[PDB]
Each structure stands twice: as C-alpha cells, then as structure tokens.
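# Overview (structure and organization)
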Amino acid sequence: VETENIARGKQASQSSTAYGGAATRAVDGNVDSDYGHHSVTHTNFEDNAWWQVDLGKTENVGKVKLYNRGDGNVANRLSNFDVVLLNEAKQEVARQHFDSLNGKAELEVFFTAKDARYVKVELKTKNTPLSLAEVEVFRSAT
Ligand SMILES: CC(=O)N[C@@H]1[C@@H](O[C@@H]2O[C@@H](C)[C@@H](O)[C@@H](O)[C@@H]2O)[C@H](O[C@@H]2O[C@H](CO)[C@H](O)[C@H](O)[C@H]2O[C@@H]2O[C@@H](C)[C@@H](O)[C@@H](O)[C@@H]2O)[C@@H](CO)O[C@H]1O
Ligand SMILES: [Ca+2]
Ligand code: NI
C-alpha cells in the first residue's frame, strides 16, 4: 500500500460526541492513545455507535489502520465492530467484522483494492461508546 495517510485532516463525524471527544481527533495525525492527551474520540454510551471519515473523493483503498484508546482500562469498548467502506453514493462496497483487538494497541485492516469515498467504524454492541485514538487510511500500491 502507499505510505501517505489520506485520512489525515479529512472531514470526520460520528454518531454523537461526549466528554469533548471530537470526531476529528481520530484524523489529527496523532496516535497518542491516552484520552487525557486529547487525541482520542468519544461518542455517547449508545447502541451502534459509529465514526466516519470522508476522504473527499473516491480512492482505491488497500489498508485501514485503527488505533485503540489505551488509558482507563476500557480498551474492550472497541470490540464486536465492523469496518465499512462506502462509495460516493454512500452504498457499502466492503465490510469486515472483528470480535476484538485482543489487547493490541492497533488493528490493520486490508481491503482488496476497493474504490471508496467513506471509511466507517461501527460498533454492534448496545450502550457502548466508540473511542478511537486514530484512523489511518492508505491507497492500494500503484
Ligand atoms: C474531572 C474532569 O475534568 N473530567 C472527568 C474525566 O477525567 C478527565 O479525563 C480522564 C481521561 C483523565 O485524563 C482525567 O485526569 C481527567 O480529569 C473523567 O474520566 C475519568 O477520570 C478518572 C479519574 O481521574 C480516570 O482517569 C478514569 O479512567 C476516567 O474515566 C474514563 O474516561 C472517561 C472519559 C470515560 O470514557 C469513562 O467512562 C472512563 O472510565 C470522567 C468520568 O468519570 O468525568 C469527566 O468529566
Ligand atoms: Ca488522534
Ligand atoms: Ni499524561
């Protein structure tokens, strides 16, 4: 995959915002996973919490990398979730499910050359906030 993180600085949004956890903190170019360092997002405790970045145009995506929150012993809030790729009309072009990160600070998701404008993370769990230290997105090679 290419090395340019194309998610950086792009428009981000999420299902709701709590504890000041702006959606843009996931694309601010800082993977620091301590919530107190202000670079981790946070939605409400709600069902099917989601976060999304708009790449701004359609890109051939090969890799999406999630960085989990690392403080407060609440890492397992990022579990039972999908990573979704949508085209410009916001239809799904790819979707992968994950049970867990297994205590890892990060997850690399590889997509098979998918042409997508939006990258979404969706929890499938009830009454759980979504918190991401960073989401990085990389174009397929060549
Ligand atoms: C007091 C205040 O100004 N805000 C509190 C939160 O505390 C702030 O954010 C934390 C991440 C720390 O950086 C802390 O120093 C800072 O004041 C508070 O969060 C909890 O704070 C406690 C006690 O210090 C622990 O750090 C705990 O891990 C924090 O709770 C977690 O993070 C929250 C943001 C939520 O995700 C909670 O569900 C987690 O358990 C919160 C909650 O008590 O209240 C703010 O308004
Ligand atoms: Ca960040
Ligand atoms: Ni600190």
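Residues numbered from 1 in each chain as written, not as in the entry; some residues may be left out. Chains lettered and ligands numbered in written order. Heavy atoms only, no water.

By the method listed in its record, X-ray crystallography, this PDB entry was determined to a resolution of 2.01 Å.

Moving on: the coordination of the calcium ion (ligand 2). Every protein donor of the calcium ion (ligand 2) is accounted for by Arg25 (O), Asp28 (OD), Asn30 (O), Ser39 (O), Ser39 (OG), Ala133 (O) and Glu134 (OE), and the metal-donor separations fall at 2.3 to 2.4 Å. Each donor residue of the calcium ion (ligand 2) belongs to the same chain, with the gaps between them written as R-x2-D-x1-N-x8-S-x93-A-E. Note that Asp28 is positioned in the loop between β1 (11-14) and β2 (50-68) and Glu134 in strand β6 (residues 132-139), a separation of 106 residues in sequence. (Donors = N, O, S within 2.8 Å, 3.2 Å for Na, K, Ca; no water. Helix = DSSP H or I, 4+ residues; strand = E, 2+ residues; numbered from the N terminus.)

What follows concerns the environment of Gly20. By the element assignment, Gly20 lies in the loop between β1 and β2. Residue classification places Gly20 among the partly exposed positions, given a relative accessible area of 45%. With 18 residues separating them along the chain, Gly20 and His38 place their C-alpha atoms 8.5 Å apart. (Buried < 20%, exposed > 50% of the residue type's maximum accessible area, 1.4 Å probe, protein only.)

With that settled, consider the side chain of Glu122. As for its placement among the helices and strands, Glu122 is situated in strand β5 (residues 106-123). Using a relative accessible area of 19% as the deciding quantity, one classes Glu122 as buried. Here the side chain of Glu122 touches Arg95 through a polar contact of 2.9 Å, side chain to side chain. Apart from the residues lying within four places of it in its own chain, the contact partners of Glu122 are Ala49, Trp50, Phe81, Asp82, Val84 and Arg95. (Polar contact = N/O pair within 3.5 Å; in protein donor to acceptor, adjacent residues only side chain to side chain. Contact = heavy atoms within 4.5 Å.)

Our next topic: the pattern of salt bridges. Under the criterion given, the structure shown has 14 salt bridges. For the salt bridge of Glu2 with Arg139, the shortest nitrogen-to-oxygen distance reads 2.8 Å. With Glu2 in the segment before β1 and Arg139 in strand β6, the pair connects residues that are 137 residues apart, well separated along the chain. You can call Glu2 partly exposed: its relative accessible area is 30%. In this structure, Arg117 engages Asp54 in a salt bridge whose closest nitrogen and oxygen atoms are separated by 2.8 Å. (Salt bridge = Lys/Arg side-chain N within 4 Å of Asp/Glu carboxyl O.)

Let us now look at the site of ligand 1. By nearness alone, every residue bordering ligand 1 is listed as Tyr19, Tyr35, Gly36, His42, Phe45, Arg69, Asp71, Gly72 and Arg77. The contact in question runs from an oxygen atom of ligand 1 to an N or O atom on the side chain of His42, over 2.6 Å. Here an oxygen atom of ligand 1 and a side-chain polar atom of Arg69 are 2.8 Å apart. Here ligand 1, which alone exposes 750 Å², has 37% of that area covered by the protein. Here the residues of the shell around ligand 1 are counted per class, giving 3 nonpolar, 3 polar and 3 charged. (Near = heavy atom within 4 Å. Areas by Shrake-Rupley, 256 points an atom, 1.4 Å probe, with all protein chains shown as cover. Nonpolar A, V, L, I, M, F, W, Y, C, P; charged D, E, K, R; others polar.)

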